[PDB]
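One structure is given below, encoded as structure tokens.
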Amino acid sequence: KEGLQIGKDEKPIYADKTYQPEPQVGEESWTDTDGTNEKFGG
Amino acid sequence: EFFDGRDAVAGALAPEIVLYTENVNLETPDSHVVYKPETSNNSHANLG
């Protein structure tokens with residue numbers, strides 16, 4: 001309910017609405033191969 | 001190596017692509033890799 005989880009610490013860390021998600025970042029390689037019900041934010 | 005399509009159930013098995021696999025003295029004499037995910041080699045992630 002709190003947005004895009006961006007890591008773990010058990011306790012899941014959530015995106016800070018002030019700056020996350022960064023418009024300047026994304027997937028790193030062209031071989032994403034993403035079809036398995038992924039979670040995306042912007 | 002020979003390849004066929006997607007259905008190719010029992011008898012409709014006729015090759016459509018024939019690839020001549022080989023081994024070469026591959027080398028990169030004037031360039032370096034700037035992005036490589038995994039330290040190991042020959043993985044789907046290493047295609048990119």
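The chains in the structure tokens are called A, B, ... from first to last as shown; in each chain the residues are counted from 1, and the ligands are counted from 1 in the order shown.
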| message | Using only C-alpha atoms and a distance of at most 10 Å, pull out the residues of chain A that contact chain B, as a ChimeraX atom specification. | response | /A:28-33
Generate the output file for the selected residues, C-alpha atoms, as an mmCIF file, in the first residue's frame.
data_model
loop_
_atom_site.group_PDB
_atom_site.id
_atom_site.type_symbol
_atom_site.label_atom_id
_atom_site.label_comp_id
_atom_site.auth_asym_id
_atom_site.auth_seq_id
_atom_site.Cartn_x
_atom_site.Cartn_y
_atom_site.Cartn_z
ATOM 1 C CA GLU A 28 20.520 -2.039 -16.770
ATOM 2 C CA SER A 29 20.571 -4.408 -19.763
ATOM 3 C CA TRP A 30 18.467 -5.096 -22.836
ATOM 4 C CA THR A 31 17.918 -8.749 -21.847
ATOM 5 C CA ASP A 32 15.214 -7.776 -19.375
ATOM 6 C CA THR A 33 13.036 -10.789 -20.295
#
DSSP on the backbone, then: every residue of chain B marked strand (DSSP E), written as JSON, numbers by chain. {"B": [2, 3, 17, 18]}
Output for the residues just chosen: C-alpha atoms as a PDB file, in the first residue's frame:
ATOM      1  CA  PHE B   2      18.871 -28.957 -36.139  1.00  0.00           C
ATOM      2  CA  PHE B   3      15.817 -27.036 -34.939  1.00  0.00           C
ATOM      3  CA  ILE B  17      17.243 -24.098 -39.086  1.00  0.00           C
ATOM      4  CA  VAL B  18      20.620 -25.836 -39.304  1.00  0.00           C
TER       5      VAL B  18
END
(message) Taking 3 positions as the minimum chain separation for residues in the same chain, which residues sit within 8 Å of region 19-28 of chain B when counting only C-alpha atoms? Answer as a ChimeraX atom specification.
(response) /B:1-2,31-32
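For chain B, backbone-based DSSP assignment of helix (DSSP H, G or I) covers residues 44, 45, 46 and 47 of chain B.
The coordinates place CA of residue 10 (chain A) at 21.7 Å from CA of residue 41 (chain A).
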Computed gap from CA of residue 19 (chain A) to CA of residue 5 (chain A) is 13.8 Å
Which neighbours of residue 13 (chain A) fall inside 10 Å, counting only C-alpha atoms, when residues of the same chain fewer than 6 positions from it are skipped, and could you give them as a VMD selection string? chain A and resid 2 to 7
Write a file of the just-selected residues containing N, CA, C and O atoms, as a short mmCIF file (atom, residue, chain, number, x, y, z; two decimals), in the first residue's frame.
data_model
loop_
_atom_site.label_atom_id
_atom_site.label_comp_id
_atom_site.auth_asym_id
_atom_site.auth_seq_id
_atom_site.Cartn_x
_atom_site.Cartn_y
_atom_site.Cartn_z
N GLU A 2 2.14 1.09 0.35
CA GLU A 2 3.03 2.21 0.60
C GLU A 2 3.90 2.56 -0.59
O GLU A 2 4.74 3.46 -0.48
N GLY A 3 3.74 1.89 -1.72
CA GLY A 3 4.45 2.26 -2.91
C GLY A 3 5.39 1.15 -3.34
O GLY A 3 5.13 -0.03 -3.11
N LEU A 4 6.48 1.56 -3.98
CA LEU A 4 7.43 0.61 -4.55
C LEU A 4 8.49 0.25 -3.52
O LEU A 4 9.29 1.10 -3.11
N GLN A 5 8.49 -1.01 -3.08
CA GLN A 5 9.58 -1.52 -2.28
C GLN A 5 10.86 -1.47 -3.10
O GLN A 5 10.87 -1.84 -4.28
N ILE A 6 11.94 -1.00 -2.49
CA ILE A 6 13.21 -0.82 -3.19
C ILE A 6 14.35 -1.57 -2.51
O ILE A 6 15.51 -1.40 -2.90
N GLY A 7 14.05 -2.39 -1.52
CA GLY A 7 15.09 -3.15 -0.86
C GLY A 7 14.56 -3.82 0.40
O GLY A 7 13.35 -3.82 0.66
#
Could you name the residues that touch residue 42 (chain A) at 8 Å or less, counting only C-alpha atoms, but leaving out those on the same chain fewer than 3 positions away, as an NGL selection string? :A and (21-23)
Store the residues picked out above, limited to N, CA and C atoms, as a tab-separated table (two decimals), in the first residue's frame.
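Full text of again.tsv as output:
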chain	number	residue	atom	x	y	z
A	21	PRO	N	10.35	7.35	-7.13
A	21	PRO	CA	11.42	6.74	-7.92
A	21	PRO	C	12.23	7.76	-8.74
A	22	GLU	N	13.54	7.53	-8.85
A	22	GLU	CA	14.40	8.50	-9.58
A	22	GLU	C	14.09	8.44	-11.09
A	23	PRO	N	13.68	9.53	-11.82
A	23	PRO	CA	13.47	9.39	-13.27
A	23	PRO	C	14.70	8.98	-14.04
